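Only one chain is shown below, in structure tokens, and it's the form deposited in one PDB entry.
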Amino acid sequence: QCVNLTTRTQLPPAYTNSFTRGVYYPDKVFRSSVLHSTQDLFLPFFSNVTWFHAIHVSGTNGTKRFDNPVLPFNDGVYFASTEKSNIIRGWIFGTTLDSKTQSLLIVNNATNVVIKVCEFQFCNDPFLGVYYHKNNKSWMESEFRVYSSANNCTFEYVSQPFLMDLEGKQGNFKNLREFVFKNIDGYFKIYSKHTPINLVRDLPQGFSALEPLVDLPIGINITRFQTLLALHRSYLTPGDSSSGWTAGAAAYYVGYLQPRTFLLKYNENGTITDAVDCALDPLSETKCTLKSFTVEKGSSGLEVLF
């Protein structure tokens, strides 16, 4: 199954700013119109998050990137993709990421979401592949080169089937897909949010809390993860299995959760509509001390009594 891709070019690591993204609902308490202070694993506001690309730049020896490095998991991850052609397909999570230990696979293979925990012998360069057939103008799922063996499976879920749109699109990124992953006491917890966007780079500023998606009772150690991307092949990408491919444009972003005290605002319906990262700056420390999003002195004059 495994193919080590060639023709990637060198590019320095790149970064962007997380603004106030990545807040998620840290519990399932029923709330209405209250602020709640809680210490949990959060992405600090205005974090320097790492920016990864799938891109094939025009020109002679134009930059060609298909970024699927193995990355640390640390205490949990914020993951965001900015998409127009459904290039990010999922992730693998584990330790050795080989047959010596169990790993978690979460992947959209164009017809199903697949969630499996096995002793996987993952490929060094795992990827999925789409083929564009010129004569009927059809984009079809063609390659699944993620692992060469899978043994002793302890968890398997396969969603109801679908047919995902695989067309490489023109224009700006249109879909923002955000995830928080935590691995707590044997449970792999996923929070997520999908948002319409219209941008070519960076992350949008507007606030959105990620909602609980699922808790997987899988009981495995996780210290590393690796993103699964789909490449494209066609009559325009001549070469062999390693070289005859291109990347449809996509970007994704990785930040790391750490222990933080956040003040969360729940509106009339229990939606988290704003948050303060208490340790961000003196203004945020002031808000958390006052248990308030507003710090301005009032004009009642009643302070002198109490």
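One rule holds for the numbers: they count along the sequence shown, beginning at 1. So that the term is clear: the rigid core is the largest set of C-alpha atoms that superpose within 1.5 Å between two forms.
FYI, the form deposited in another entry isn't displayed, but the following is about it.
Here the two forms are overlaid on the core, and between this form and the one not shown the C-alpha of 232 is the only one among 89, 182, 116, 232 to shift by 2 Å or more. When two forms of a protein are overlaid on their rigid core, residues whose CA moves 2 Å or more are considered shifted, and residue 132 is one of them between this form and the one not shown. The rigid-core alignment places the CA of residue 144 2 Å or more apart between this form and the one not shown.
With a cut-off of 2 Å and the rigid core superposed, residue 42 has a Cα displacement that falls short of the cut-off between this form and the one not shown.
In that other deposited form, the Cα positions of residue 143 and residue 147 lie at least 3 Å nearer to each other than in the form displayed. Note: residue 143-residue 116 Cα separation is 3 Å or more shorter in that other deposited form than here.
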